[PDB]
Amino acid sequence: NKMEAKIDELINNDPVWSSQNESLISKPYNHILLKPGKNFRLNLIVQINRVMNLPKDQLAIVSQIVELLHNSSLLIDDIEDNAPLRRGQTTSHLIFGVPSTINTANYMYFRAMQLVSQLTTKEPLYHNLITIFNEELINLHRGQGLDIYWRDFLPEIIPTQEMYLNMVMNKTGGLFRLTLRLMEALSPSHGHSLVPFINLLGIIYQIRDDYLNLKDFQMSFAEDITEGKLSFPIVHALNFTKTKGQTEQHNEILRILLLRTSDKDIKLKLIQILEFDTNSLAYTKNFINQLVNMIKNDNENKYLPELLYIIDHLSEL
């Protein structure tokens, strides 16, 4: 009778959720907020609004959405890559546990989704916005999915340079495109689609990330090696040795990646294979320079609409 009352009261109302609960579930996410870089992301949005000109109000929601997805994908990525550190501080899963961190990351994907219906009340443009959201999140997952698959099934498949570019288009292009596409759809104005340029951007960004992880270490943790990642320099190297018939160095690269080693001496050995044998770091520094020139020597603004500036500090988005 009193129990039935309380039950009937419970089931006739919306599920209870307090802000103390919100705070609990938010701890793993809030922890990654301490990580810097929010400005270089924001700067890229700002700079881009000069072409799209979204009403400051609207630009902020787009910004919050982007932040949520970006930070959430990183929380997940660190669990998937078993990373002990991010932007120098301890990763969330190591503090709040893998359980809570996955759940919080996933919760924020859907919170981000909710922020979408607040960009416009126009029913047709709403659909477009959700579709854009849906599609790019699907691409991000396909790309991350292949990145993980090749790493975890090695040495079953060894990606070619081209397979890798297709992976990055999905993986790193997803959020770049998502941000750009939302803005172009909300633009009250602006010229050619700036997507090809945001694509080139994502690509440059990922190779440089793959590059600097090995270079910073050479000149002085190179986690990518410990992770066993088919990064750009590695794909080059594996394909070079197979092509040049260098069986030993090929297998030697495979063996080090498969060790999932934290050993600095072994780490160096692979980098030395990469400098002296396949010259892959040099090859990669070059490849990036050319992608960058495709935007620098863009006189007929085929890709272009300050961008030179972002492109150089791109490593901190």
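Residue indices: 1-based, along the sequence shown.
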In at least a third of the other entries we lined up, does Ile102 end up with no coordinates?
no
Over the set of other compared entries for this protein, does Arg142 lack coordinates in at least a third of them?
no
So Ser220 and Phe221 are neighbours in the shown sequence, but is anything from the deposited sequence left out between them? Give the count as none, 1 to 3, 4 to 9, or 10 or more.
4 to 9
Between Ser189 and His190 - deposited residues without coordinates, as a size class:
1 to 3
When the Cα temperature factors in the entry are averaged, is it 98-106 or 175-183 that ends up higher?
175-183
Going by the entry, of stretches 117-125 and 138-146 the one with greater average Cα B-factor is 117-125
Per the deposited entry, the peak Cα B-factor within the set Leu24, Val16, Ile11, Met294 goes to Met294
Top residue by Cα temperature factor, when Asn251, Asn49, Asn30, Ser262 are compared in the entry
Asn49
How does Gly245 rank on Cα B-factor within its chain, lowest, middle or highest third?
highest
C-alpha B factor of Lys267, ranked within the chain: lowest, middle or highest third?
middle
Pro155 by Cα B-factor - lowest, middle or highest third of the modelled chain
lowest
By its CA B factor, does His236 count among the lowest, middle or highest third of the modelled residues in the chain?
middle
Taking the chain's C-alpha temperature factors as the reference, tell me which third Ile65 falls into: lowest, middle or highest.
middle
